[PDB]
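For reference, the structure is listed below as structure tokens.
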Amino acid sequence: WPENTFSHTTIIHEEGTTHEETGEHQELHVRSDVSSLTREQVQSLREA
Amino acid sequence: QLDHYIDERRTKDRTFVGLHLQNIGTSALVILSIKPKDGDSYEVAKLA
Amino acid sequence: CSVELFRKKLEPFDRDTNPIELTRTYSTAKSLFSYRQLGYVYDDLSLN
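Taken in order, these protein sequences are the chains called P, F and G. Be aware that the first sequence starts at 30, since it is given in this note's numbering, and climbs by one per residue. Be aware that the second sequence starts at 34, since it is given in this note's numbering, and climbs by one per residue. Be aware that the third sequence starts at 2, since it is given in this note's numbering, and climbs by one per residue.
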């Protein structure tokens with residue numbers, strides 16, 4: 030179909046805003062099934 | 034920690050393409066690519 | 002000031018021989034004025 034039906038003109042650029050990564054309290058650790066978790070946490074556990 | 038994950042995702046400068054959607058009456062899929070003058074068209078993302 | 006010096010790319014971080022990929026990503030000079038993306042935050046912003 031004619032691709033001009035939709036509008037593909039504008040481009041939106043947004044600067045990297047702030048981030049508050051400080052502070053962690055009441056860490057509700059959740060122990061899960063071994064087979065449920067996936068590769069990255071597997072590898073973190075292995076390194077630990 | 035999903036909130037911390039998204040915060041660390043949003044700390045970075047970002048760009049987006051905006052689209053305005055109009056009904057077509059069928060099942061349409063769009064294929065979107067970026068065309069540079071000094072290069073070949075390269076696929077970007079998937080949408081329908 | 003020194004806009005030509007700024008448009009100059011940093012070295013030798015540009016070349017692919019650097020195992021760290023973040024330097025290849027940020028080999029420029031302009032982006033370095035913000036350390037949002039650098040990922041490290043100082044806990045305190047005071048002075049004795």
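Heads up, the beta-carbon is just placed ideally off N, CA and C, and yes, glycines get one too.
- Contact between F:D40 and P:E44 does not hold, since the beta-carbon distance rounds to 15 angstroms and is not under 8 angstroms.
- At a cut-off of 7 angstroms between C-beta atoms, F:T48 does not count as an interface residue with respect to chain G.
- Taking a Cβ-Cβ cut-off of 8 angstroms, the neighbours of P:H48 in chain F comprise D40, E41, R43 and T44, given in sequence order.
- Taking C-beta separations shorter than 7 angstroms and ignoring five residues to either side along the sequence, G:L23 has no partners in its chain.
- A distance below 6 angstroms between beta-carbons, with the five flanking residues on each side excluded, links G:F14 to the following residues of its chain, in chain order: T24 and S28.
- F:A78 is positioned such that its CB atom lies no closer than 7 angstroms to that of F:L62.
- The beta-bridge partner set that DSSP reports for P:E43 consists of F:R47.
- For F:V63, the uninterrupted beta strand (DSSP E) run begins and ends at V63 to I67, by DSSP.
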